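Shown below, as structure tokens, is a lone chain in the form deposited in one PDB entry; questions about how it binds or moves come after it.
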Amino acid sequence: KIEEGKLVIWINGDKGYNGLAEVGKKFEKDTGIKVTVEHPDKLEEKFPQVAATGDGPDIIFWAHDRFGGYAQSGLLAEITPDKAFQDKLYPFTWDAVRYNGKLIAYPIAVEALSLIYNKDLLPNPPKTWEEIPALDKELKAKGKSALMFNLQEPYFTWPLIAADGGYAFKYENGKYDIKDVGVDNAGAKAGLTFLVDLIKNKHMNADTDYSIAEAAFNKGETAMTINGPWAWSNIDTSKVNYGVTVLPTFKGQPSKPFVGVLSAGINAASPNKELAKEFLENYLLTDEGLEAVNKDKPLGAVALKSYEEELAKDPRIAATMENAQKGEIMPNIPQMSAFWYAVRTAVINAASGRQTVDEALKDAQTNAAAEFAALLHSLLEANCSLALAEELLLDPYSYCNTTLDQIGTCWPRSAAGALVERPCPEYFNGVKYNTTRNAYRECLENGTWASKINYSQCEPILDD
């Protein structure tokens, strides 16, 4: 239940949420409709939890990579702008919010990571990752360090892992191939091995997080950091004479960051869909709208043609685009959650020494590619064909033919008109279920299976 007659918006704490709230005061002044902008932590996780139920915010802001995942779960309303409004944003930002032909969010801006550096401590930043160790040794002797950045989020280490051949999902023949993950190839190993060595050799600390790295850089304690445009604002405020530049190379190869499009989706269950559409279309994605948010935290390259024209003239925005050109735009597929979770674990376990690189990236391999699920599926496929073999052997135009459905339940050859029941699945997509209860499917009088399967009785097994 969302309160009808208001707008509740969720956006991440590192973005210009105060700028956004002022745009909210513009709307309210004009229409009399209150706009509440909130920044809950774990935003990208807390959403599908609430939105699933029919609750949460009217609008959500996050990079497009997680939006496939919401659309599949059916939590995003289908946005409906016309030709005239789409001609005002760049076509490639529209690609990022298209899942299965449908636009599911408004693109706001393009984010890419850059190398930010202190010009006073380092007038000439390193062009290669490999010279950073020596550079840290010199800086240590002055009671500083070379490089601090967030080691807790795979987003910041990915550029280095991708550099020499690391990838998420293979892109072939139009589609992303969810069964071909490149998190365990020689390139990924080499990039991750390099990071882990910086830590063993005490050029970095495995605990270092977003706030540790930001504060150190803005106090002048470290020469370099890795971050995006939202961070520039805090550096302006600080003493620091900073430059924003292209990322270092690894094995002569450019670092390949994942490029995200900040996006505004609309909660499917909200009764305020049109109000939200009028706020995003007529208030936020205007120059006045975007400027208000940007003058709080920079957005990067915005999705609006009329405002980027100006913004493109900033050399910091040039650098953001240079790095963007060298990376990939993120896939928006639902398997992105699982990939990110997998790589987050690898980097942390590898960094802490809990696991070696080889061990770590293989687990991530198996997790990202859902190989346990793919193995179990092969077993169920085989079992289901056999049960059909057994029956045919023991043996007319009136049966429903055997199927294996998306959950792994084998529906046997059945009589027209039969209500069939089968044990709930023993395992499904990470979760175990009480198999003492059944699912139910009707074989219709016409010899075709009913389209819908009753899975209502299948309950998970959890704590105690």
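From 1 onward, residues are counted along the sequence shown.
The form deposited in another entry exists for this protein as well; it is not shown, and the discussion that follows is about that form.
Peer 1: Are residue 240 and residue 289 part of one rigid piece when the chain shifts between the shown form and the other one?
Peer 2: Considering the two-part motion between the shown form and the other one, residue 240 moves together with residue 289, as both sit in one rigid block.
Peer 1: Once you compare with this form, do the C-alpha atoms of residue 373 and residue 180 lie closer or farther in the other entry, given a change of 3 Å or more?
Peer 2: Farther: residue 373 and residue 180 separate by 3 Å or more in the other entry.
Peer 1: How does the C-alpha distance between residue 353 and residue 371 change in the other entry compared with the present structure, closer or farther, given a change of 3 angstroms or more?
Peer 2: Their C-alpha distance shrinks by at least 3 Å in the other entry.
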